[PDB]
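Okay, structure first, notes after.
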Amino acid sequence: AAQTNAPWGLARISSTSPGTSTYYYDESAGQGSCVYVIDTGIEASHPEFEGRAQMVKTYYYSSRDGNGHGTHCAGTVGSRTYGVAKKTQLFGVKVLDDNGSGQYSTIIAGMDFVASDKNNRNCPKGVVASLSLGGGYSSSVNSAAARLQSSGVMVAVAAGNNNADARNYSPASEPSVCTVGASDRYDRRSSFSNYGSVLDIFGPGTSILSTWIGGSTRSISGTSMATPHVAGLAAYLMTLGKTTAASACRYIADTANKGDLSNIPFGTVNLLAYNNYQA
């Protein structure tokens, strides 16, 4: 399949080179897989989700995304126009309030929910969790992320938007999960993107167009935007039978675009997510 005039992020993950605008992907498109978007909620009624997104859990008075951040991340995972896995199933776990904030304890409960809720969902191709959140270092948030990874879910978390080493941030510093940094359309590390030895992969992070609340769209930046690229990429790759939940992050790194990014600090992987699709 070929999506012309796609967002630059989608075209980048299917390209050996930057500066293209067509997204190529196997038409399976993550069908039969699931991606949990653990964020502010998803506006599931957005026409871009085609009835494939739904709220499965909230810890607040409403499961509605009064923010837009979670809708934007879910749209990058699997919206028909802005998603990587355009046929995946999107499950919303609202752990962040409408201001984008949330207690670590609520975030931890949401991660343990997904580790159990996947046994209530039909995901024959496997389960992914996209965590476009993060804060200061916490061994309890990291361990919660390690449990979600251990339970059979491919966990992708943002490196952080502090332009520092991601070792001081959770769940970014959890080694067992996929810690995703951010890059821009010119194959530069995003100026805000965290780095370090804990980073596993880079995805498109700067000026990412995706869905927004109110049935709209907008372009925002963040490692919170690159994580749904890798999360949707994982789901796309598990549907194709190319990898599993336990080996997806390692697989994405093995098959990634190597040494194409600039301003990657010494000691950080120079790897860009790449779907390796040959049309």
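Within each chain, counting starts at residue 1; across the structure tokens, chains are named A, B, ... in the order shown, with ligands numbered 1 upward in that order.
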Using DSSP assignments from the backbone, pull out every residue in range 72-210 of chain A that falls under strand (DSSP E) and give it to me as a count of residues only.
35
Mind the document's chain letters and residue numbers, and return as an mmCIF file with C-alpha atoms, in the first residue's frame the residues of range 148-251 of chain A that DSSP labels helix (DSSP H, G or I).
data_model
loop_
_atom_site.group_PDB
_atom_site.id
_atom_site.type_symbol
_atom_site.label_atom_id
_atom_site.label_comp_id
_atom_site.auth_asym_id
_atom_site.auth_seq_id
_atom_site.Cartn_x
_atom_site.Cartn_y
_atom_site.Cartn_z
ATOM 1 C CA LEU A 148 3.724 -4.686 31.513
ATOM 2 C CA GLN A 149 6.582 -5.720 29.219
ATOM 3 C CA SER A 150 6.947 -9.029 31.072
ATOM 4 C CA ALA A 166 16.886 9.794 30.105
ATOM 5 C CA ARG A 167 18.396 7.807 33.002
ATOM 6 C CA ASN A 168 16.780 10.261 35.453
ATOM 7 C CA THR A 223 9.104 12.334 22.310
ATOM 8 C CA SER A 224 5.451 11.799 23.231
ATOM 9 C CA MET A 225 4.883 11.979 19.458
ATOM 10 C CA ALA A 226 7.697 9.620 18.434
ATOM 11 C CA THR A 227 6.545 6.856 20.790
ATOM 12 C CA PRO A 228 3.265 6.175 18.891
ATOM 13 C CA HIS A 229 5.354 5.809 15.723
ATOM 14 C CA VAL A 230 7.323 2.948 17.291
ATOM 15 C CA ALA A 231 4.222 1.608 19.053
ATOM 16 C CA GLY A 232 2.308 1.526 15.778
ATOM 17 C CA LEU A 233 5.388 0.145 14.024
ATOM 18 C CA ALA A 234 5.634 -2.705 16.525
ATOM 19 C CA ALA A 235 1.948 -3.568 16.049
ATOM 20 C CA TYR A 236 2.468 -3.446 12.275
ATOM 21 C CA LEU A 237 5.452 -5.805 12.556
ATOM 22 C CA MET A 238 3.780 -8.293 14.925
ATOM 23 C CA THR A 239 0.781 -8.565 12.588
ATOM 24 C CA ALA A 248 9.871 -6.179 18.933
ATOM 25 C CA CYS A 249 12.062 -3.420 20.389
ATOM 26 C CA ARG A 250 15.169 -5.488 19.650
ATOM 27 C CA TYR A 251 13.833 -6.241 16.161
#
From the set A:20, A:143, A:122, A:99, which residue has the shortest atom-to-atom contact distance to residue 40 in chain A, counting only C-alpha atoms?
A:99
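Distances to residue 13 in chain A were evaluated for A:183, A:105, A:194, A:216 using only C-alpha atoms, and the minimum falls at A:183.
Using only C-alpha atoms, the nearest neighbour of residue 124 in chain A within the list A:198, A:240, A:177, A:155 is A:240.
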Hey, can you check how far CA of residue 38 in chain A sits from CA of residue 58 in chain A?
9.8 Å
Near range 90-93 of chain A, 8 Å: range 23-45 of chain A residue rows, closest pairs, only C-alpha atoms, as JSON lines:
{"residue": "A:34", "atom": "CA", "partner": "A:90", "partner_atom": "CA", "distance": 6.1}
{"residue": "A:35", "atom": "CA", "partner": "A:90", "partner_atom": "CA", "distance": 5.1}
{"residue": "A:36", "atom": "CA", "partner": "A:91", "partner_atom": "CA", "distance": 4.7}
{"residue": "A:37", "atom": "CA", "partner": "A:92", "partner_atom": "CA", "distance": 5.1}
{"residue": "A:38", "atom": "CA", "partner": "A:93", "partner_atom": "CA", "distance": 4.7}
{"residue": "A:39", "atom": "CA", "partner": "A:93", "partner_atom": "CA", "distance": 6.3}
{"residue": "A:40", "atom": "CA", "partner": "A:93", "partner_atom": "CA", "distance": 7.5}
{"residue": "A:41", "atom": "CA", "partner": "A:92", "partner_atom": "CA", "distance": 5.4}
{"residue": "A:42", "atom": "CA", "partner": "A:92", "partner_atom": "CA", "distance": 5.7}
Contacts of residue 195 in chain A at 8 Å (only C-alpha atoms; same-chain gap of 5+ positions) as a ChimeraX atom specification
/A:159,163-166,181,264-265,268
Could you please take those selected residues and save N, CA, C and O atoms as a short mmCIF file (atom, residue, chain, number, x, y, z; two decimals), in the first residue's frame?
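Writing the result to out15.cif gives the following:
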data_model
loop_
_atom_site.label_atom_id
_atom_site.label_comp_id
_atom_site.auth_asym_id
_atom_site.auth_seq_id
_atom_site.Cartn_x
_atom_site.Cartn_y
_atom_site.Cartn_z
N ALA A 159 11.29 8.99 25.62
CA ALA A 159 12.56 9.26 26.29
C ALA A 159 12.45 10.44 27.23
O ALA A 159 13.15 10.50 28.25
N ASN A 163 15.95 17.29 27.02
CA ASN A 163 17.28 17.44 26.44
C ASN A 163 18.36 17.05 27.45
O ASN A 163 19.40 17.71 27.57
N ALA A 164 18.11 15.98 28.20
CA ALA A 164 19.06 15.46 29.18
C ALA A 164 19.18 13.96 29.00
O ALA A 164 18.56 13.37 28.10
N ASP A 165 19.98 13.33 29.85
CA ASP A 165 20.05 11.88 29.86
C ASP A 165 18.75 11.32 30.41
O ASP A 165 18.27 11.74 31.46
N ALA A 166 18.16 10.36 29.69
CA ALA A 166 16.89 9.79 30.10
C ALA A 166 17.01 8.86 31.30
O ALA A 166 15.99 8.31 31.73
N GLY A 181 13.35 8.07 21.56
CA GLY A 181 13.67 9.48 21.41
C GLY A 181 12.95 10.08 20.21
O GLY A 181 12.17 9.43 19.52
N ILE A 264 23.35 13.26 17.58
CA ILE A 264 23.13 12.17 18.53
C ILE A 264 24.34 12.12 19.45
O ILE A 264 25.46 11.91 18.97
N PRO A 265 24.17 12.33 20.76
CA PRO A 265 25.33 12.37 21.65
C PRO A 265 26.06 11.03 21.70
O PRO A 265 25.47 9.97 21.48
N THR A 268 24.71 7.25 22.72
CA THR A 268 23.31 7.04 22.39
C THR A 268 23.21 6.37 21.03
O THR A 268 23.98 6.67 20.12
#
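For the set A:106, A:19, A:77, A:279, the residue with the smallest atom-to-atom gap to residue 128 in chain A is A:77, counting only C-alpha atoms.
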